[PDB]
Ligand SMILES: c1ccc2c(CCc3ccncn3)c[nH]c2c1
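Next up is one chain by itself, shown in structure tokens, the form solved without this ligand.
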């Protein structure tokens, strides 16, 4: 008597469990138990992961349904799970997506200036430095304040919500609601603030008073701010942190990218491909009986799309664990998802990582871990895998 295989497998973000490949080979769709006690189907091949993400009958929205089998507890109101649908329904999708590209004048220069300041401060203070708490996350937080059009000084408090907001918990989290409600009131005030005229919130603030959006709720406008700040900051800060580990562990690659920084975009795409920051499969609920591989998934069942399942699939990415800058299919990974809910911040995510890495390699060409890799403390029961601190020297 063993128990049903539990997910997630490991909170360690520096290496993929040997188990994933064994599972992909033996049973690329298989039954697992989540932290709530619910059963789910874990999908781990590139082929099946793509099938599920490209079939909307595997629904994101319906994961929020009362009584559904759950990966984890909601940390937002249930309607907010369909945030992107809600945005599209309100006629705001084009405007939202336009505000969060890396293309606004001054944005990239702001990113570089900010990275360089953070780095200069670390160099002035002397090794060891914490690249997560004192570089990657602050860079993410600064970026998103700028992208939203909100004061830099407001970023830290919003950031402080995230260690709870992105928990992956069996049970509802009282602190999540306290912080959610507070952050919503914050964004509501931002929309009322005549001095906020730039970024996403500046644009939302104008659309809010345009007749074509008079019946769009103030709740939805505030929700867009909280949701995009949170997803953006947690996703970019965590990706960059774990990408830095991948790089640091590859001195040859570090030197190549330092010597030839025009390769940094190709480097970042591979670092995205091999990234283990998403802690759990992407959840979807079946709205029909659907054949996936050898399993007939039944209506009402939960499906988890394991991104590293797809991204380390040797059928699609030969020598999957190696960073190779000359692959013929380099953006075909699932780091940003696929299909209806493909990441709307993908360009911005790329640029944050590319600029952060460029700046780091320039300032700290000798960057290395200052502790044995095993000494990193991996955050548990969270929607990302991240080291609590990332101590480096240079």
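Positions refer to the first chain, counted from 1.
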Item to check | Mean Cα B-factor comparison, 106 to 114 or 138 to 146, giving the higher one as deposited | outcome: 106 to 114
Checklist entry - Out of 292 to 300 and 233 to 241, which one has CA B-factors that are higher on average in the deposited record? => result 292 to 300
Item to check | Residue, from 163, 179, 255, 227, that the PDB entry assigns the highest Cα B-factor | outcome: 255
Next on the checklist: For the CA B factor values reported in this entry, which option in 376, 19, 370, 386 has the top one?
Outcome noted: 19
Checklist entry - Comparing residue 365 with the other modelled residues of its chain, is its CA B-factor in the lowest, middle or highest third? => result highest
Checklist outcome for this item: Quick tally, chain-level thirds of C-alpha B-factors: residue 128 sits in the middle
Checklist entry - For residue 97, does the deposited CA B-factor place it in the lowest, middle or highest third of the chain? => result highest
Checklist entry - What third of its chain, lowest, middle or highest, does the C-alpha temperature factor of residue 56 fall into? => result highest
Checklist entry - In terms of the chain's CA B-factor thirds, is residue 39 lowest, middle or highest? => result lowest
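As for the form solved in complex with this ligand, it is not shown, yet the points below apply to it.
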Item to check | Any non-hydrogen atom of residue 226 within 4.5 angstroms of this ligand in the bound PDB entry | outcome: yes
Checklist entry - Wondering, does residue 75 line up within 4.5 Å of this ligand in the bound PDB entry on heavy atoms? => result yes
Checklist entry - Looking in the bound PDB entry, any heavy atom of residue 359 within 4.5 Å of this ligand? => result no
Checklist entry - Even though this ligand is not shown here, does residue 180 get within 4.5 Å of it in the bound PDB entry, heavy atoms only? => result yes
Checklist outcome for this item: Answer key, this ligand contact in the bound PDB entry at 4.5 Å (heavy atoms) among 60, 355, 367, 52: the residue is 60
Checklist entry - What is the one choice in 81, 207, 290, 274 with a heavy atom within 4.5 Å of this ligand in the bound PDB entry? => result 81
Checklist outcome for this item: For this ligand in the bound PDB entry, the stretch among 208 to 216, 158 to 166, 319 to 327, 116 to 124 with residues bearing a heavy atom within 4.5 Å is 158 to 166
Next on the checklist: Going through 99 to 124, which residues have a heavy atom within 4.5 Å of this ligand in the bound PDB entry? Please give them in sequence order.
Outcome noted: none
